[PDB]
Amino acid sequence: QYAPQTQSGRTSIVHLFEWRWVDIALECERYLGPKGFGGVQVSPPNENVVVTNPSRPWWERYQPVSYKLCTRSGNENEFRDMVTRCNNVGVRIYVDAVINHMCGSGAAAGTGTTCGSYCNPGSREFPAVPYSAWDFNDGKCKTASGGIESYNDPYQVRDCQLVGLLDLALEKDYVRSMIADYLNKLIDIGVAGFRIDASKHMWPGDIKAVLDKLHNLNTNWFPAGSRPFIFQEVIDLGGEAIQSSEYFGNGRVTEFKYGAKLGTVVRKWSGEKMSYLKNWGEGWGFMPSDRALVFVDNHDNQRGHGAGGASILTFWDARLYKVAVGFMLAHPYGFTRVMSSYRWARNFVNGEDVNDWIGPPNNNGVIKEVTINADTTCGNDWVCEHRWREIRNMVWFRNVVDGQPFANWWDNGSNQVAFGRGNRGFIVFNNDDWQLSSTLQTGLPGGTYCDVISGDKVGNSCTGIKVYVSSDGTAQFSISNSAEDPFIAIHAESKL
């Protein structure tokens, strides 16, 4: 459950948020495969309710109406095609499994669904599954409203309705079986694992029950006896009754403390300095590395910060974001997930952004294709952070240093930091308001290396900065605080 099941040597997955199956299939072949990406986290592939007010928000996809593979991203054949094509080039697919609930109890009965299925939320009727009133937690919930009223009561958060969503009775074998059939169909298609949406709202034992019913992975691409990779979404910053540790037995858990802490440090807020990252990881009170799925920002928390005051870093703050993602990709803690977003219009109405709901780029509701420009960037409002040189080269860096221990840490007592990974990679950051000029021990074999942040190693030369490491492993570094990317990274494969 903890092993990602990626091909040999691939260490990261990217979230191609709201991408169509056909575009992901193409991306796998033309980029993700060649560039060493381990996998892709896809948006929920099952049928969801259509929300017209607001117009097709990203969150409508988290309100299931059936398990038919039919959404705005595509249909079942397109989904199968994508999984096959990606697997063939060594890029895995991880599905966002929405299994705690169906759609909102206040949803209109009808056929306003992505695949035309009929449902009557009011009477808890989902004939396309099928689910009936007795497959929900209405009678088990202890609150008068039927919704969660206190996060300090585990029974309320797990058995009551999460923001009005019909809560599935996951202790029933029938429900467990319906969900297992859905997940097994995906596994047989070739999916490598799942992101369990809203895990905090389900009992660890119930999730475990479903997981035990899952098949081993498709032997066409996976070794016999392989179990699906599992990462559960649990937001635990320490202020409540439910703890992330309760889910360690099912697989990995999202470590939300990671991005929040990192963001504060990189921004230099609350008296934090980069020199404090010396003991980053479990030292900061994070979960065990082998149970963690880490990331700088995710599809949900990258939104809602238009008015400032939030430490979360996103593509909106490109410079600081690249530094944070670079540090994450270089550090040995956890299994890393890279974010890939679409830009939306940040418009304010009385001091609050009103476009946090906006869905993917579209033409009258039909998701726009991802267009690739000559400079390898994307068009049609897809930001494609995974294509930024600095991020692209750092996921490669992570593959290269895979397994090497954290070593040769250095800091100037302020915001200039450096560390290596065994004898395969070294990275140095200058987050101070002054120049960095020092000779450091890199732990690397002597030679000339191309800095993979400012350029690439092309043929017999570097396109950007060159670092000269002497026979003793020491190298001179000069980083201006005015540099576009105030950090340098070198590894065994960027050596000339």
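A residue's number is simply how far along the shown sequence it sits, counting from 1.
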query	finding
Segment of higher mean CA temperature factor, 43-51 or 440-448	440-448
Between the two ranges 267-275 and 215-223, the one averaging a larger CA B factor in the entry	215-223
Selection by C-alpha B-factor (highest) of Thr113, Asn298, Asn152, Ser414	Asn152
Largest Cα B-factor, entry values, listed residues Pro360, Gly326, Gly259, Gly308	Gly308
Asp402 - which third its CA temperature factor falls in, relative to the rest of the chain	highest
Where the record places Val22 (Cα B-factor, split into thirds across the chain)	highest
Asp433 CA temperature factor, ranked by third within the chain	highest
Chain-wide C-alpha B factor ranking for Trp409, given as lowest, middle or highest third	middle
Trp134 by Cα B-factor - lowest, middle or highest third of the modelled chain	highest
